[PDB]
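K.L.:
With the authors' numbering applied, the sequence shown covers 37 to 132, 134 to 285.
Ideal Cβ placement from N, Cα and C applies to all residues, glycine included.
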Amino acid sequence: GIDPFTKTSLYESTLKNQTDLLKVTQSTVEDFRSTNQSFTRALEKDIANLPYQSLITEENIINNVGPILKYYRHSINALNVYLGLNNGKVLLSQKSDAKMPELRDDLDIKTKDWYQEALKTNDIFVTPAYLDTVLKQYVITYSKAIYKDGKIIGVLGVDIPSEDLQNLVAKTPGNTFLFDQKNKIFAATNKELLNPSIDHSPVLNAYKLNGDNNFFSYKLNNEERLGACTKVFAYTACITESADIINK
Ligand SMILES: [Cl-]
Numbered sequence: 037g038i039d040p041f042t043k044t045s046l047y048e049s050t051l052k053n054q055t056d057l058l059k060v061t062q063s064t065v066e067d068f069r070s071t072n073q074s075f076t077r078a079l080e081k082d083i084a085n086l087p088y089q090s091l092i093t094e095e096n097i098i099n100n101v102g103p104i105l106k107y108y109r110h111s112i113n114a115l116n117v118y119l120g121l122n123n124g125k126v127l128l129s130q131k132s134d135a136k137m138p139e140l141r142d143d144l145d146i147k148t149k150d151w152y153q154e155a156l157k158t159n160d161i162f163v164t165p166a167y168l169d170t171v172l173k174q175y176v177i178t179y180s181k182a183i184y185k186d187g188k189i190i191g192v193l194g195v196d197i198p199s200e201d202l203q204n205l206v207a208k209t210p211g212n213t214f215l216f217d218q219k220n221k222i223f224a225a226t227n228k229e230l231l232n233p234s235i236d237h238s239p240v241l242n243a244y245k246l247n248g249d250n251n252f253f254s255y256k257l258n259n260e261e262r263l264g265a266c267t268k269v270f271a272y273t274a275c276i277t278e279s280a281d282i283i284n285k
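1. Any idea what DSSP makes of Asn220, helix, strand or coil?
2. Over what stretch of residues does the beta strand (DSSP E) that includes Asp196 continue unbroken?
3. From the DSSP output, which residues share a beta bridge with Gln130?
4. Using only the alpha-carbon positions, how far apart do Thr277 and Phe41 sit?
5. Given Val195, which residues of its chain have a CB within under 6 angstroms of its CB, disregarding the five upstream and five downstream residues?
6. Tell me whether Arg69 counts as near ligand 1, meaning its Cβ is closer than 7 angstroms to at least one heavy atom of that ligand.
7. Looking at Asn72 and ligand 1, is the gap between the Cβ and the nearest heavy atom below 7 angstroms?
8. DSSP three-state call for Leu257: helix, strand or coil?
9. The beta strand (DSSP E) that contains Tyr179, what's its start and end?
10. State the DSSP-derived secondary structure class of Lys245, mapped to helix, strand or coil.
11. What residues in its chain sit with their C-beta under 8 angstroms from that of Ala280, if we drop five residues either side in the sequence?
12. Identify whether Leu105 lies in helix, strand or coil by the three-state DSSP scheme.
13. The alpha helix (DSSP H) with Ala84 in it runs from where to where?
14. Going by beta carbon distance, what residues of the same chain come within less than 6 angstroms of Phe214, once the five residues before and after it are set aside?
15. Between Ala84 and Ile190, which are expected to be in contact by the criterion C-beta below 8 angstroms, what is the C-beta distance as a whole number of angstroms?
16. Classify residue 133 as helix, strand or coil using the three-state DSSP reduction.
17. What did DSSP end up calling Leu172 once you bin it into helix, strand or coil?
18. Please classify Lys181: is it buried, with 16 or more other beta-carbons within 10 angstroms of its beta-carbon, or exposed?
19. What does a CB cutoff of less than 6 angstroms around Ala271 pick up in its chain, not counting 5 residues either side in sequence?
20. Say whether the region 123 to 131 touches the region 143 to 150, bearing in mind that this needs 3 or more beta-carbon pairs closer than 8 angstroms, one atom from each stretch.
21. Where does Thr209 fall in DSSP's three states?
22. Would you kindly work out how many angstroms separate the C-alpha atoms of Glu94 and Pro87, rounded to a whole number?
23. Please name the residue or residues paired with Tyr152 in a DSSP beta bridge.
Pasting the structure below:
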């Protein structure tokens, strides 16, 4: 309407609404990451709790670590779960025909960020989404250097399809969406937003001007829209709507 009291009431209401919904999308991304981190941490602990004898020959790694990788992979429906060693080999449990985990020598692991970055932090390392060479799907990898008595055993990796996060975000309420660390569109409730030719600059420009969680106005085709974005790890989560709620 027109009376400023009424317009202010509508603006304050929709701000709260849209903020709530943005937070649900933020929570979705957070919970996905923390579930995968907890899992990875539990797997690290089970591997490190084996005696050294079970860890210090490749055959013993196959027979003693392999089943653990397999059970864990199944438990969460991961794509791959694996352990990379300093000799460049990887003990790999992959989705497939029920064949046991095997040692693979062709994964060029000392060139891979999941391997090299795990050795530079004491935390879990989380990759951007990338194309997994084993099963040829886009994954987010959680990796962790495993130590026993201070001694490196190898680098654990857990590959989760990136589509799993995309699908979780898409199911959320609200016209919410998520950009990756390069500010490309990554997930959206409205699948049309994923058209790579769409211009997101008005929303990204408005976020740059306003900051995390700060509700803003912008224009599309000379009509007014409202929205907000916030950082969530290296992602940017946004929500937008028509301003007709406050103007009409
Ligand atoms: Cl994540």
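P.N.:
Straight from the coordinates:
1. Note: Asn220 maps to coil in three-state DSSP.
2. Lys188 to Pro198
3. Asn116
4. 23 angstroms
5. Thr76, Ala114, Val117 and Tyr179
6. The answer is yes for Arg69.
7. yes
8. strand
9. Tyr175 to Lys185
10. In the structure shown, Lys245 sits in a helix (DSSP, three-state: H, G or I).
11. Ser254, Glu260, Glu261, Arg262 and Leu263
12. helix
13. Per DSSP, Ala84 belongs to the alpha helix (DSSP H) from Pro40 to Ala84.
14. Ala225, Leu230 and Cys275
15. 7 angstroms
16. The structure shown gives no position for residue 133: in the chain, residue numbering passes from 132 to 134 with nothing in between.
17. coil
18. Flag for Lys181 reads buried.
19. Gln218
20. yes
21. coil
22. 14 angstroms
23. For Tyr152, which the question treats as bridged, DSSP gives no partner whatsoever.
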